[PDB]
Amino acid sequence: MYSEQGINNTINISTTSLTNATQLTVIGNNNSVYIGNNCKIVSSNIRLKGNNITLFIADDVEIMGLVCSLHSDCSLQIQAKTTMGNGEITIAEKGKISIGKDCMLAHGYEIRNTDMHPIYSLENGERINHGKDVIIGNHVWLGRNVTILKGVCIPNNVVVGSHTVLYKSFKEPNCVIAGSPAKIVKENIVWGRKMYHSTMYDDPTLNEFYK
């Protein structure tokens, strides 16, 4: 079902895209939803509740089983060619999560800019766990059941190992991050989608990563 309530809510979804079994809900005003061409956003549950919310999903994006919650003044951006399996994305506290071009997120991803509940200093009663944006660079591959906490920024051309929890940002591109505490465990690499290729040179989508 598609469902919309409020004023100046804009919703653009190409007729060349598939939204089978997906629920989209927009409640509030000046919210915008864009889904580009040749997308498959299936069996997903997407919920925008608040004001000035922006969901932008570029062309050739495939998402299956995404559970997504966005609150007022929040935005989610997902760039072209990115693929995503079952998972969860939560944005609150007027923040932003972005996901770069040609990412590959395996089932079980949990991504959030927020803890959803405040932690205060006993010293001065002040809140000290405020939301922080999440940026996942281009060509990032998340293995199964990876969790990305607030403020985490992930460099381009990175692979995150199965069941890793990221609570801190990294700077180094072209590497594998794994373990607990999450750490760079391999450098100078590039990942691809197709195991049938002999070398990186056989995959024309990787040219920009080795030069």
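From 1 onward, residues are counted along the sequence shown. Take the two forms, find the largest set of C-alpha atoms that superpose within 1.5 Å, and that set is the rigid core.
Once the rigid core is used to overlay the structures in 4 other deposited structures of this protein, the stretch among 10-18 and 198-206 whose CA atoms lie farther from this form is 198-206.
When the other structures are laid on the shown form by the core, the C-alphas of 117-125 and 130-138 differ in how far they drift in 4 other deposited structures of this protein; the larger average drift belongs to 117-125.
When the two stretches 67-75 and 130-138 are set side by side, the higher mean Cα temperature factor goes to 67-75. Comparing 158-166 with 56-64, the higher mean C-alpha B-factor in the PDB entry belongs to 56-64.
Which of 13, 200, 21, 195 has the largest Cα B-factor in the deposited entry comes down to 195. Taking the PDB entry at face value, the top CA B factor among 48, 153, 146, 175 belongs to 175. Among the modelled residues of its chain, residue 84 has a C-alpha B-factor that falls in the middle third, as given in the PDB entry. When the modelled residues of the chain are ordered by C-alpha B-factor, residue 107 sits in the middle third. Annotation for residue 114: CA B-factor lies in the middle third of the chain's modelled residues. Among the modelled residues of its chain, residue 121 has a C-alpha B-factor that falls in the lowest third, as given in the PDB entry.
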